[PDB]
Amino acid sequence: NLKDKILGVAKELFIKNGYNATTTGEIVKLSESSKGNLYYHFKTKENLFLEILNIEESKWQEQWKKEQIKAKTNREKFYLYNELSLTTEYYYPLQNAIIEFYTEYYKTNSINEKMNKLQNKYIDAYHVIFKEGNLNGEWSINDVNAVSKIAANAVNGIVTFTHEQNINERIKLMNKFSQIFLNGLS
């Protein structure tokens, strides 16, 4: 459990102090491990952080599997996912370390390579909703990959660039977007 202890501790350090401030020395000593083991498993602070994000994305997917039973039809699932995306981000503790992380390794094509495989996972959630929505005549989309990328990124924008407003208004808007968007697929 040394690999999973290191990630657990590193998660909490990144949460408490951000990405740049947290050193690998800290993570080593606090998880009772060695620079060696940390190097053998993750090679860099950068890659360790990506691995956390993998664990976190998996937990999110696992969360979404349970939570999407409260949505009988894919139209309902679309509405719900976008809400969840907005509401849960408001108190996602890693979010700040993520902002800090991305806005620092976006240029390195390899790190930006793995960060894309990660967003692709977020985009898969919509892809499913839309594919299944087709197979139940909720709508007709011949370009599911496209409309999926659009939804994911439209929704991130509404989640990220609003913040200023109070949480009720932000939920109203998000749901209004969800409405407008699904109406344009008809």
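The numbering used is simple: start at 1 and walk along the sequence shown.
Trainee: Mean CA B-factor: is it higher for 77-85 or for 100-108?
Mentor: Mean B over CA atoms: larger for 100-108.
Trainee: I need to verify one thing: averaged over C-alpha atoms only, is the B-factor higher for 147-155 or for 113-121?
Mentor: Result: 113-121.
Trainee: Comparing against every modelled residue in the chain, figure out the third that the C-alpha B-factor of residue 128 lands in (lowest, middle or highest).
Mentor: Answer is lowest: the recorded C-alpha B-factor places it there.
Trainee: Rank-wise, by C-alpha B-factor, drop residue 21 into the lowest, middle or highest third of its chain.
Mentor: Middle third of the chain for residue 21's C-alpha B-factor.
Trainee: Please say which third, lowest, middle or highest, residue 33 falls into when its CA temperature factor is compared across its chain.
Mentor: For residue 33, whose C-alpha B-factor we compare with every modelled residue in the chain, the answer is the highest third.
Trainee: Sort the modelled residues of this chain by their C-alpha B factor and say whether residue 160 lands in the lowest, middle or highest third.
Mentor: For residue 160, whose C-alpha B-factor we compare with every modelled residue in the chain, the answer is the lowest third.
Trainee: Grab the CA temperature factor for residue 175 from the record and place it in the lowest, middle or highest third of its chain.
Mentor: As the PDB entry reports it, the C-alpha B-factor of residue 175 lands in the lowest third of its chain.
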